[PDB]
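We begin with a single chain expressed as structure tokens, specifically the form deposited in one PDB entry.
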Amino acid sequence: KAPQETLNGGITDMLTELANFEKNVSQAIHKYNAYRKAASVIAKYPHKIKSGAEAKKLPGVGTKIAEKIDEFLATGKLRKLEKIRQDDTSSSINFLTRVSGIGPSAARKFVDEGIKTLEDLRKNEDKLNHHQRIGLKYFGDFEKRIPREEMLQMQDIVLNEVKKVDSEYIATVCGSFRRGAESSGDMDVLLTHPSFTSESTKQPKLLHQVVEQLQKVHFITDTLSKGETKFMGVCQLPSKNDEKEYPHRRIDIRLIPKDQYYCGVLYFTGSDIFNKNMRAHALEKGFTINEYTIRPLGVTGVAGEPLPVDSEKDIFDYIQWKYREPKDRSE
């Protein structure tokens, strides 16, 4: 259950700025993660907060954050923020990172080499790599929320081609999209083939082939990176005659060994909080999970040998939990 706007947005928002600043400008992921974490739980939090103490209570919340929360309650702002908002470099530094391929080093490098806008980018592509190129290119597309309708749509295309290419494959769209989301950010493609498993001799072709196909059929426009197992690229929906071009979008496809799929599936489907809790119970029944497998916890304190997973269920099976519907994997 989550309410939150006229409630604690002021806070969650400030925090997010904070987080960004750490990541991008700071180069402190942990700190970004920390601020995000705080931002989340408080998001979920049913009350009109009234102080830090109140929030301290939150798990994630703490001293400094709560300190902030007081100024903010009191002032309606965070002074830190104003100097940050007013500091040149920082902002530009935060902006550029928006650009897919551009991280904090690049972004800071650029800003030092004077570059600090799309333009500068545009006027400097000899100074960008591919990934960065496509990202600059697709800048607005990417930040576009994707529509499930489309998702569905997109969902269908990717779905058949694979089917066209080979019949034995398996794919599945994961993410919020799997969780039943009205909208998404990208398309996570989870796939595998029978001929591809754990101790098996890999067919790059497999993945290859699925790409090409989707390529062949002008589904996937660009290509961020690709190798025997992972492919990250740009894809689009064929334009309806006299109907303006939709947006281009993120899509990644992942190939997995059949023995680890569901784990992968399960893993990749989320939620994140869900995974945590699950990791927990699964543990309670004496096992340790991950993206790949499920292991029987050692009678000692830890002990190898992964179990036979033929489904998501099975997973659920081992830990004595009802096979949850991806829909309610909210946690």
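Numbering starts at 1 and runs along the sequence shown.
One more form of this protein should be noted, the form deposited in another entry, which is absent from this view; the next part is about it.
Put simply, the chain has two rigid parts that turn between the shown form and the other one, and the hinge between them is at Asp259, picked from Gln132, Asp259, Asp188, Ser225. Between this form and the other one, the CA-CA gap for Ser311 and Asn160 widens by 3 Å or more, being larger in the other form. Legend note: Cα of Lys164 to Cα of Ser311 is at least 3 Å farther in the other form than in the depicted form.
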